[PDB]
Amino acid sequence: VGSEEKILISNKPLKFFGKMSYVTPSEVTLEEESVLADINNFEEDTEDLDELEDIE
Amino acid sequence: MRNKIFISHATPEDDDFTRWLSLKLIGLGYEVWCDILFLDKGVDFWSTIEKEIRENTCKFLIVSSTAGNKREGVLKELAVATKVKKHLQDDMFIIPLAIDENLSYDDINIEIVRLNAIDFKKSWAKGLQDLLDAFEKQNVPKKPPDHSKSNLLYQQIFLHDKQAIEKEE
Amino acid sequence: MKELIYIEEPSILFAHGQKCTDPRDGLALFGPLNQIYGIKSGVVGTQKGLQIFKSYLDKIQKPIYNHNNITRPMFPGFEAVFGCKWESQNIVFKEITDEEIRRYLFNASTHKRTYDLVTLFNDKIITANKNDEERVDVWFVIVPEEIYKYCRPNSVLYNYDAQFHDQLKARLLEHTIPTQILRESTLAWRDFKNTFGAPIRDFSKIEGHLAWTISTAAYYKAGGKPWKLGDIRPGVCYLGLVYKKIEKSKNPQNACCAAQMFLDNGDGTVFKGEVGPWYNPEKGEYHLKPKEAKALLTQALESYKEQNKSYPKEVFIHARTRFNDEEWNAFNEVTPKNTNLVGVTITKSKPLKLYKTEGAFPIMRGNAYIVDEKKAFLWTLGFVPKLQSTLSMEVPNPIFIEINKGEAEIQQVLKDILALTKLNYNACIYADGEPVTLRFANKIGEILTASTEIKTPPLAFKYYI
């Protein structure tokens, strides 16, 4: 910002710690979140077909 | 005095239906015994089933599912239910429950063959209705309906690992 | 050093005065608060759509399962979950000839095709319910997939809207008929595949959610109330105010504002806010001139008086834009001295992505970040332990709330909008980011903007969702 004056931005972000929290299960719930991605896929869609056929 | 309703079913392929039926029974007034909400980890299993079957079980409910007719445990519970129904000399002790259409009527175990298995396949509301009216026409002692006990049980067991905890994160 | 305060997960009432947190499990365990005697389904479409709908309804009659009940619970059957009866008999069916579809296909511009098809469905429904003696509570429009695909607004071979269901509900609004449009591929995905040979509308694992949503929409449009809110104070009125703008060409959009109102239950009484030719689309700052502001406030107060007989003690206003001084001054003097008026703005464009140090888990839903007395954050999206999954996708993003005018507790409005986020009816999800007063806002604005020719829309909700 200046030939003599420089502005320092920290490279680590500001942290927030939470009083309440949750349990930590196994990795199956991330697979179920991928199934939730599929939920958002198969719920609704709009003008997907032409770009889908353009990708091959 | 015996008033408890025993439900015999396979696990874990019949968790949801047994849970729903037990919750509806316990909220409707009848006292229901099921291994989902009573038989938990760290305790002995078989002695409690035998004692409650031949001491305080008034009606026996066996699920004649596809996997509920070949497991050893359900067959053994059916055998002791047959023994206690022979001792009690009541043919209405065992009320079979059929929930799967893919299991034909001729492939069931034998104690379900003689008794007409209840209908729970295409729908559940009328099945519960005929189970209820058969119960009250068989004169099972009852308590007034209250879902508060059902609500307390549902908050007790089915919310043990699915709740937020008080830890620093 | 600031922390993130916690707001408890709000509760929804159920049958026999029972309190739960999940709508699906609470419905499966208890059911609706009020019972209806029975519904009668009506269908319009081809005979292929008729048999597809019949197959899907009898499948819904059976108890259908999913992968696991932890996230997506199983469907115990419509009768066992609602206490109402669904049957494949006494169903009124009206056929649409595919030859007429072929005749309408070869038109040049798809807009007139959309208009003629929409009007054909509309007057078919009007003729059907104006002659048939059999009452039809909900009409099921089974639109074909190729109609939804090849007759899109930008498909390549003014107040009327190019969207099918928008115009459908807009021109069906003037006769009080609860209708619900069903896409064919949604309930005919078994025989529907893509060009590669796969179902792009796949529900090989997730059809239980489809059954849940369809069943609860059918019960809600019938007339019965599935669930309501637990605690509502004696004299608090929510006013979710729409501030969605259309892009209506040289026609003066100005302010296409509408308003939702929750007072004692989940009942929404939407009264049509004015089109208001003042402040032409060059002036689109949503600054309500005093006469329309006091008219809308009088509408809300009269609805509250009709439904409650008592003057409300506090008015909650939900919107998404900033509020200027003169609009609130117009909002003030009409209100009595005893009541209180407060305005809340909800926005998404503010970025705040809270990440997690260890593991691969998102922010648990319910965290509240308070910046000042006025401004605050609420994490309505993310992980919820009752689901054992995240409702959000990738990283959740919160809704930046800010009270403009009036004195109120910030945690009070935080928990109140958290309770308001649970009342979604068209989709039986656990919760959504925007509150349902703002979730229904854009859709009901799209419904109302598709037909200027009406003057007194019904204030119910069955003819909208």
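**Regarding the overall build of chain B**
For step 1, the next point in the chain: Within chain B, the regular secondary structure consists of 6 helices and 5 strands.
For step 2, the next point in the chain: Each helix and strand of chain B, ordered N terminal to C terminal, gives the series β-α-β-α-β-α-β-α-β-α-α.
For step 3, the next point in the chain: Based on the C-alpha atoms only, the size of chain B along its principal axes is roughly 60 × 35 × 35 Å.
For step 4, the next point in the chain: Evaluated residue by residue, chain B yields a buried proportion of 48% over its 169 residues.
For step 5, the next point in the chain: A separation threshold of at least 6 residues defines the contact pool for chain B, and within that pool the share at least 24 residues apart is 71%.
For step 6, the next point in the chain: Chain B carries 24 positive and 29 negative side-chain charges, and their two centres are separated by 5 Å.

**Structural notes on the UniProt feature "domain: TIR" (unreviewed entry) in chain B**
For step 1, the next point in the chain: In the numbering adopted here, UniProt assigns the feature "domain: TIR" (unreviewed entry) to residues 5-132 of chain B.
For step 2, the next point in the chain: Helix and strand shares over residues 5-132 of chain B are 42% and 16% respectively, and the end C-alpha atoms of the span are 12 Å apart.

**Observations regarding the sheet that holds strand β5 (residues 92-95) of chain C**
Residue and element names in this part refer to chain C.
For step 1, the next point in the chain: Ordered in space as β5-β4-β6-β7, the 4 strands form an open sheet in which the pairing is parallel. With one partner strand each, in any of the chains shown, β5 and β7 (179-183) form the two edges of the open sheet. Sheet twist, expressed as the average angle between the axes of neighbouring strands with direction ignored, equals 20°.
For step 2, the next point in the chain: Pairing between strand β6 (residues 138-143) and β7: 5 bridges, direction parallel. Each bridged residue has a counterpart across the sheet, and for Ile-142 the counterpart in β7 is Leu-182.
For step 3, the next point in the chain: Contacts between helix α5 (residues 110-131) and the sheet are confined to β4 (41-45), β5 and β6, with β6 contributing the most and set at about 145° to the helix.

**Quick notes on the interface of chain B and chain C**
For step 1, the next point in the chain: Chain B puts 22 residues into the contact, and the matching count from chain C is 21 residues.
For step 2, the next point in the chain: Of the roughly 1,900 Å² buried between chain B and chain C on both sides combined, carbon and sulfur atoms contribute 58%.
For step 3, the next point in the chain: On the surface where chain B and chain C come into contact, there are 1 salt bridge.
For step 4, the next point in the chain: Of the charged contacts in the structure, one is a salt bridge between C:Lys62 and B:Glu101, with a shortest N-O distance of 2.4 Å.
For step 5, the next point in the chain: Where the side of chain B that touches chain C is concerned, the elements lending two or more residues are α1 (15-28) and α6 (147-156) of chain B.
For step 6, the next point in the chain: Among the elements that take part in the side of chain B that touches chain C, α6(B) stands out by supplying 6 residues, more than any other.
For step 7, the next point in the chain: Residues that form the side of chain B that touches chain C fall into these classes: 7 nonpolar, 7 polar and 8 charged.

**Examining the nonpolar core**
Residue and element names in this part refer to chain C.
For step 1, the next point in the chain: Of all hydrophobic cores here, the largest spans 93 residues; its most connected members are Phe-53, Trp-86, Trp-227, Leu-378 and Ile-401.
For step 2, the next point in the chain: Considering every element that reaches this core, the biggest residue donor is helix α9 (residues 207-222), with 8 residues.
For step 3, the next point in the chain: Aside from chain neighbours lying at most four places away, what touches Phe-53 is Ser-41, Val-43, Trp-86, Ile-91, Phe-140, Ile-142, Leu-182 and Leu-187.

**What to know about the interface of chain A and chain C**
How big an interface is tends to be reported as the loss of accessible area on association of its parts.
For step 1, the next point in the chain: The interface is formed by 30 residues belonging to chain A together with 34 residues belonging to chain C.
For step 2, the next point in the chain: Listed by contribution, the elements that provide at least two residues to the side of chain A that touches chain C are α1 (28-43) and α2 (49-54) of chain A.
For step 3, the next point in the chain: No other element matches α1(A), which puts 13 residues into the side of chain A that touches chain C.
For step 4, the next point in the chain: Considered class by class, the residues forming the side of chain A that touches chain C number 15 nonpolar, 3 polar and 12 charged.

**Remarks on the environment of C:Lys405**
All names here are of chain C.
For step 1, the next point in the chain: Locating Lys-405 in the fold gives a position in the loop between β16 (399-403) and α12 (410-420).
For step 2, the next point in the chain: Through-space distance from the C-alpha of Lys-405 to that of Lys-305 is 25 Å; in sequence the pair is 100 residues apart.
For step 3, the next point in the chain: Contacts of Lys-405, omitting those with residues within four sequence positions, involve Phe-323, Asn-324, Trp-328, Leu-341, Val-342 and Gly-343.
For step 4, the next point in the chain: A distance of 3.2 Å separates a polar atom in the side chain of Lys-405 from the backbone oxygen of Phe-323.
For step 5, the next point in the chain: A distance of 2.9 Å separates the side chain of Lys-405 from the side chain of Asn-404, its partner in a polar contact.

**Comments concerning a negative patch on the surface**
All names here are of chain A.
For step 1, the next point in the chain: Together, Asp-48, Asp-50, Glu-51, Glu-53 and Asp-54 line one region of the surface with negative charge.
For step 2, the next point in the chain: Topologically, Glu-51 is positioned in helix α2.
For step 3, the next point in the chain: The exposed category is assigned to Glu-51, whose relative accessible area is 54%.

**Comments concerning the pattern of salt bridges**
For step 1, the next point in the chain: Tallied over the full model, the rule gives 27 salt bridges over all chains.
For step 2, the next point in the chain: Notably, a salt bridge pairs C:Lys291 with C:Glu292, separated by 2.6 Å at the nearest N-O pair.
For step 3, the next point in the chain: Judged by its relative accessible area of 53%, C:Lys291 is exposed.
For step 4, the next point in the chain: What you see here is one network of salt bridges that share partners, running through B:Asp119, B:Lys121, B:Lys122 and B:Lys126.

The rules we used
- Residues numbered from 1 in each chain as written, not as in the entry; some residues may be left out.
- Chains lettered and ligands numbered in written order.
- Part of a larger assembly, values for the part shown.
- Heavy atoms only, no water.
- Residues with missing side-chain atoms left out of burial classes, pairs and counts.
- Helix = DSSP H or I, 4+ residues; strand = E, 2+ residues; numbered from the N terminus.
- Buried < 20%, exposed > 50% of the residue type's maximum accessible area, 1.4 Å probe, protein only.
- Contact = heavy atoms within 4.5 Å.
- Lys, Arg positive; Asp, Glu negative; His and termini not counted.
- Charge placed at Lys NZ, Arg CZ, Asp CG, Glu CD.
- UniProt positions renumbered as here; feature names shortened; annotations may be inferred.
- Pairing = 2+ DSSP bridges.
- Axes fitted to C-alpha atoms, helices over the stretch in contact; angles between N-to-C directions.
- Buried area = accessible area lost by both parts, 1.4 Å probe.
- Salt bridge = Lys/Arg side-chain N within 4 Å of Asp/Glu carboxyl O.
- Nonpolar A, V, L, I, M, F, W, Y, C, P; charged D, E, K, R; others polar.
- Core = buried A, V, L, I, M, F, W, Y, C linked by side-chain atoms within 4.5 Å.
- Polar contact = N/O pair within 3.5 Å; in protein donor to acceptor, adjacent residues only side chain to side chain.
- Patch = residues over 30% accessible without salt bridge, like charges linked within 9 Å, V, L, I, M, F, W, Y side chains within 5 Å.
- Areas by Shrake-Rupley, 256 points an atom, 1.4 Å probe, with all protein chains shown as cover.

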